[PDB]
Amino acid sequence: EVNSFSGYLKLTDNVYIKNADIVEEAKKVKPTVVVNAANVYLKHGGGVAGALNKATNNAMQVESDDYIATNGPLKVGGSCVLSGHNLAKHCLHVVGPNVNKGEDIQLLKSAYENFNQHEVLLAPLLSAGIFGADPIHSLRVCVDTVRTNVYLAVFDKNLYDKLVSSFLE
Ligand SMILES: CNC(=O)c1cccc(-c2cc3c(N[C@H](c4ccc5c(c4)S(=O)(=O)CCC5)C(C)C)ncnc3[nH]2)c1
């Protein structure tokens with residue numbers, strides 16, 4: 001079966017959310033697109049990006065280095081489409097701003113706008129965790145910006161509960 005997402009909670013007509021590890025979701029669903037929470041040189045050194053790359057046994061990193069060699073780095077707020085390897089048909093590498101490193105939070109809207117080029121996506125909550133954005137704010141930007149069908153996997157039950165309670169106020 002195609003894009004067989006299970007156990008999500010529908011927030012809006014096109015945004016769904018689950019307490020889950022995006023890696024485990026990608027292995028089980030094999031979505032058309034999985035979003036990586038990338039940086040501009042596509043160096044998948046830790047967190048979500050490191051986990052997705054490890055699940056490909058480093059194939060994603062080798063492919064990413066080849067892309068950067070030919071094309072140069074991405075911009076903050078930008079994206080590129082590469083192979084999804086064993087995780088998906090395609091991986092959409094999206095660079096959200098890292099506000100812990102001084103990048104402008106306004107670029108989070110630009111980052112989510114990249115999702116609109118794909119009908120269905122499995123994605124993490126952009127710029128959350130160690131990128132330093134307020135995760136409640138990131139969910140609001142996602143809801144207001146994404147118009148295609150997005151399935152958010154958030155790997156922390158405490159944060160999941162806080163996000164759902166915020167959405168339902
Ligand atoms: C097999 N699994 C692993 O090897 C593994 C190991 C180690 C980690 C994971 C893993 C983490 C994680 C996740 N974290 C969220 C999150 C969202 C966005 C960003 C980050 C973190 S960041 O990496 O800190 C910076 C980039 C933006 C947290 C809860 C807010 N959300 C979904 N799926 C996840 N998976 C799997």
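Residues numbered from 1 in each chain as written, not as in the entry; some residues may be left out. Heavy atoms only, no water.

Method of determination for the deposited model, per the PDB record: X-ray crystallography, at 1.15 Å resolution.

The protein is annotated in the PDB entry as Papain-like protease nsp3 from Severe acute respiratory syndrome coronavirus 2. For this entry, the PDB title field holds "Crystal structure of SARS-CoV-2 NSP3 Macrodomain in complex with ASAP-0012338-001".

A. Quick peek at the state of the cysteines. The full count for this structure, using the stated rule, is 0 disulfides. Here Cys80 is not disulfide-linked; the sulfur of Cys91 is the nearest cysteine sulfur, at 7.9 Å. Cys80 gets classed as buried once you look at its relative accessible area, which sits at 7%. A disulfide-free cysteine, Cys142 has its sulfur positioned 16 Å from the sulfur of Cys91, the nearest such atom. (Disulfide = S-S within 2.5 Å. Buried < 20%, exposed > 50% of the residue type's maximum accessible area, 1.4 Å probe, protein only.)

B. Just the side chain of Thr145, in detail. Along the chain, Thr145 falls in helix 5 (residues 135-145). If we ignore the near neighbours within four places in the chain, the residues touching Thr145 are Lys109, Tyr112, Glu113 and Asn116. (Helix = DSSP H or I, 4+ residues; strand = E, 2+ residues; numbered from the N terminus. Contact = heavy atoms within 4.5 Å.)

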